[PDB]
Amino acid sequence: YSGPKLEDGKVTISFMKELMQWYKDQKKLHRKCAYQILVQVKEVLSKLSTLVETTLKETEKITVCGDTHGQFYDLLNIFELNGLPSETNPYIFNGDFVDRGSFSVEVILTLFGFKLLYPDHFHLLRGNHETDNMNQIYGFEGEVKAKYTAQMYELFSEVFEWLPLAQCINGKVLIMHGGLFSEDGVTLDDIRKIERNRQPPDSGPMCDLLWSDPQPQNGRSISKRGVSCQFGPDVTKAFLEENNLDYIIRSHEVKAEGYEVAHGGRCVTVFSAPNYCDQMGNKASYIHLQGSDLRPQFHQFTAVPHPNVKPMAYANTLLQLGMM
C-alpha cells in the first residue's frame, strides 16, 4: 500500500513503470506486493513445460538476453536501448538474474512483474544462480534477508524451482542457461519430461542444462567448476543432429565482448551484465532473432551508472571484502 500498488490484485503496465522508477530511486516494494507477485508468478511458472516451445512468424523477432546478476540499472538500459517488453517486443532472459549484483531484488521482481504482464511474450529460463547453494553465498539470500525476511527468501527459492530449463524457437534454436549434456542421447522429449521443481542434482541433464560449458577441443572434460562438464564441438554437433536443431544459445560464461560464437557457429554465448561486478570491464550483449532469419544479430552495450553500492554487498564476507 506504500509505494507501487497492484491494480485489483494484478500487474499492469502503469504498475510496472511505477515499479521501475521506484527501484531506480532505490525504494522498496511493499512486502505484500512482493508476496503477491511471487505467489502469482509461481502459479504461472508451475504450469509450464520444462521446455518452452515458441513459434516465431516470418515477421516477428525476439530478444535474447543472458545473465543480468542483479545489475538493475543495466537492465533498465537494455530496455532503453532495445524498447520495453511487450507483445510486439518479446524477450527471453536466459537465467542468472540474481547474485553478485547488489540490486538482485529489483531485477527479479521487475522480471517476475513483466512475466505476469506479458506471460506469452516474456520468458524466463532458470540459471545456476537461481538455486539455493549459490544464493546462500553469492548475495541473493543476504539481500532478500536485508530487504525483507528469511521467509521471503524461502518463497523466492520455491518460485525459482518452477522456472523452465530451456526454450526452443521454431524447432531450430534451443536456448538454455548453461549448455549441453555429460552424456550422449539426450533429446528434446527428455528435456520436456525433466521433473524440475527441485534443486538441481549433482549430475544429470538438469545439472548440465544449468552448469556445462563449451570447450574448443572435441570430447568432454572435467568441468572447471567442479560440476557438470565441458563439451566440445562434436558433442554439440551430435546433439543438434539428433534433435533436428541448427544451433544453441546459452549464457553462463562472462565474455569480454558480451558474447562468443564457438563450435563452428553452433554454440553461441550471450552475457548481459556489462562491467560485471563493477570490475570485469567487459561489454554485454543482447541478441535479436527473426522468424525469417534465425541467425543471431549481436548488440553490444556498456555499463551505466548505478547508486554507490558495492557488488557482493550482501554476499559472503569472503567475497564482499575481496575486490573493489
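One rule holds for the numbers: they count along the sequence shown, beginning at 1.
Mean Cα B-factor comparison, 166-174 or 221-229, giving the higher one as deposited: Taking the mean B-factor of the alpha carbons in each, 221-229 is higher.
Please place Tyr138 in the lowest, middle or highest third of its chain according to the CA B-factor in the PDB entry. Middle third - that is where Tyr138 ends up once the chain's C-alpha B-factors are sorted.
C-alpha B factor of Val159, ranked within the chain: lowest, middle or highest third? Middle third by C-alpha B-factor.
By its CA B factor, does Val254 count among the lowest, middle or highest third of the modelled residues in the chain? Tercile = highest for this residue's CA B-factor.
How does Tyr118 rank on Cα B-factor within its chain, lowest, middle or highest third? Highest third, going by the recorded CA B-factors of the chain.
Would you check the entry's CA temperature factor for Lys10 and let me know if it's in the chain's lowest, middle or highest third? Its C-alpha B-factor belongs to the lowest third of this chain's values.
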